[PDB]
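Report on the following structure.
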Amino acid sequence: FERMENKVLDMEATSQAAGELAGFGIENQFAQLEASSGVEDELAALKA
Amino acid sequence: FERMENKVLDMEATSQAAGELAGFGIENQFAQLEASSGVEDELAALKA
Amino acid sequence: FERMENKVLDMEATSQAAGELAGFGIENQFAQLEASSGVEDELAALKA
Amino acid sequence: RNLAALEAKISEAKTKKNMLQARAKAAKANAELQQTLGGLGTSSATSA
Amino acid sequence: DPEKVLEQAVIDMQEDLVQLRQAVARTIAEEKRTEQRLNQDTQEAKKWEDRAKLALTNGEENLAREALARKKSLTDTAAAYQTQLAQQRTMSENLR
Amino acid sequence: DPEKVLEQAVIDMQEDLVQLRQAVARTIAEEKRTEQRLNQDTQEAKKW
Amino acid sequence: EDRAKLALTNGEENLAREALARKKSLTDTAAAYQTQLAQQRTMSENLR
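Chains as they are written, first to last, in UniProt numbering: chain V, 168 to 215; chain G, 168 to 215; chain S, 168 to 215; chain C, 120 to 167; chain U, 24 to 119; chain X, 24 to 71; chain A, 72 to 119.
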């Protein structure tokens, strides 16, 4: 459990560092573009 | 009888030390879980 | 606690010295510019 | 009763650790793919 | 030359994206294997339930309660594998 | 450094608390042995 | 808390009060980590 917990703390610290340092606002702009693309396919399905 | 009594006193002192130092409350919680499991099998036998 | 308190007093004295010697009025002018920029984005959201 | 509890404890401990090791390895592999795409990709693109 | 630098960077990206395909293929295998584990654990849980039905038909409520305790352990183990599977599904989709 | 002093003090406390566990285990054995003595003396009192 | 609910289902109010005292210690420890986290959030935003 001590060896496992030390690797879990390394993975959690790595996961925090990635989301904290590099979770940039542009990823939410890409998610808004993906949602807008999904709405355009629903409008194409409605048109069909 | 002297040699036998010396080994009996070693086994009794060992038995006291085990129950005194390591007879933790969690063993009574495990006994309550085993009793609860026995009641669930009696309820299954009643349901059957 | 004595070693910890000595480092806490160093960090508190450092924090006082930074805010006291270099907490210049221009930082409040920058905060007013940031607030004015936030109001311009709220006016852009209202216009949209 | 001690043998039944001992084998149960060993079996549960090993299987929980093994699945935790597998999920930790999968999670760090996914994170490392973000590190290569972020670190190598944006540097190569910016250099081009 | 910037043309040679960007061409080499795109070549290095072919090696990295091939490692990401290998990581996807591994993650796909891990989700399928933990599905296989919880699927067989739930089939064994049905076998232990039928062992309880046979015990109750014979009037052995003691064996029926023991067989139901095996069922409980297996379905809790399948719920642990479903919890692990949820992490593998989200990681698989993230890598995809 | 106060961090090294308090870490060493907590390490020394691990040795002291292990001596206290040994003193508990000894005291547990002594209470169990004096119980064993009075139990066998009262069984001999029944024989007499 | 679920260990206390099991203890109360078995009628062991002594074990339920002990389990609730563990809950109290853990939630107070989480409030100490939330207080520390507030310092890390403001420092993280200051550095950002």
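Every residue, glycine too, gets a C-beta built ideally from N, C-alpha and C.
Between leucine 159 of chain C and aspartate 35 of chain U, the C-beta gap is smaller than 8 Å, which places the two residues in contact. Contacts between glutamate 84 of chain U and chain G, judged by CB atoms closer than 8 Å, involve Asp208, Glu209, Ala211, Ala212, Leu213 and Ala215 in chain order. Counting only the Cα atoms, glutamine 37 of chain X lies some 17 Å from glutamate 26 of chain X. The beta carbon of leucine 91 of chain A is closer than 6 Å to those of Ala75 in its chain, skipping five residues each way along the sequence. Closer than 9 Å at the C-beta level to chain X, one finds no residue of the stretch 196–207 of chain G. DSSP places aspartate 24 of chain U in the coil class of the three-state scheme, outside both helix and strand.
Under the three-pair Cβ rule at 8 Å, the stretch 48–55 of chain X counts as touching the stretch 177–197 of chain G.
A Cβ-Cβ separation of about 6 Å places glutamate 84 of chain U in contact with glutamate 209 of chain G under the 8 Å criterion. The Cβ atoms of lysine 95 of chain A and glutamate 72 of chain A lie no closer than 8 Å to each other.
For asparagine 81 of chain U, the three-state secondary structure derived from DSSP is coil. Closer than 8 Å to the CB of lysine 147 of chain C there is at least one CB belonging to chain V. In the three-state reduction of the DSSP assignment, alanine 167 of chain C falls in the coil class.
The three-state secondary structure of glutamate 172 of chain V, taken from DSSP, is helix.
Per DSSP, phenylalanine 191 of chain V is not a residue of any alpha helix (DSSP H), being assigned neither H nor E. Taking C-beta atoms as the reference points, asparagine 149 of chain C and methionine 114 of chain U count as a pair closer than 8 Å. By the CB criterion at 8 Å, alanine 198 of chain G and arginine 88 of chain U fall outside the cutoff. Spanning the alpha carbons of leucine 43 of chain X and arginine 170 of chain V requires a straight line of approximately 28 Å. Each of G/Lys214, G/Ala180 and G/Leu213 was checked against the Cα of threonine 57 of chain X, and the nearest Cα belongs to G/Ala180.
Interface flag for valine 28 of chain X against chain S is set, since a Cβ pair is found closer than 8 Å. For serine 166 of chain C, the number of other beta carbons within 10 angstroms of its own is below 16, and it is reported as exposed. Within chain X, the C-beta atoms nearer than 7 Å to that of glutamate 169 of chain S come from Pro25, in chain order. Chain order gives the chain G residues near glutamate 54 of chain X as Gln183 and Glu187, where near means a beta carbon separation below 9 Å. In its own chain, leaving out the 5 sequence neighbours on each side, no residue places its CB closer than 6 Å to the CB of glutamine 107 of chain A. When the Cα atoms are used, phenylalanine 191 of chain V and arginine 119 of chain A turn out to be separated by approximately 12 Å.
Chain-order list of chain G residues neighbouring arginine 88 of chain U: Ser204, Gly205, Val206, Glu207, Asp208, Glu209, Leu210, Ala211 and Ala212, by C-beta distance under 9 Å. The three-state reading of DSSP puts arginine 56 of chain U in helix, counting H, G and I together. Using a 10 angstroms sphere on the CB of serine 130 of chain C, the tally of other CB atoms stays under 16, which defines it as exposed. Close to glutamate 179 of chain G, with beta-carbon spacing below 8 Å, are these residues of chain X in chain order: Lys55, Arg56 and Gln59.
By the C-beta density criterion, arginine 142 of chain C is buried, having at least 16 other C-beta atoms within 10 angstroms. Nearest CB-CB separation between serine 163 of chain C and chain U: below the 8 Å threshold. Sequence-distant Cβ neighbours of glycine 205 of chain G in its own chain, meaning closer than 7 Å and more than five residues away, do not exist here.
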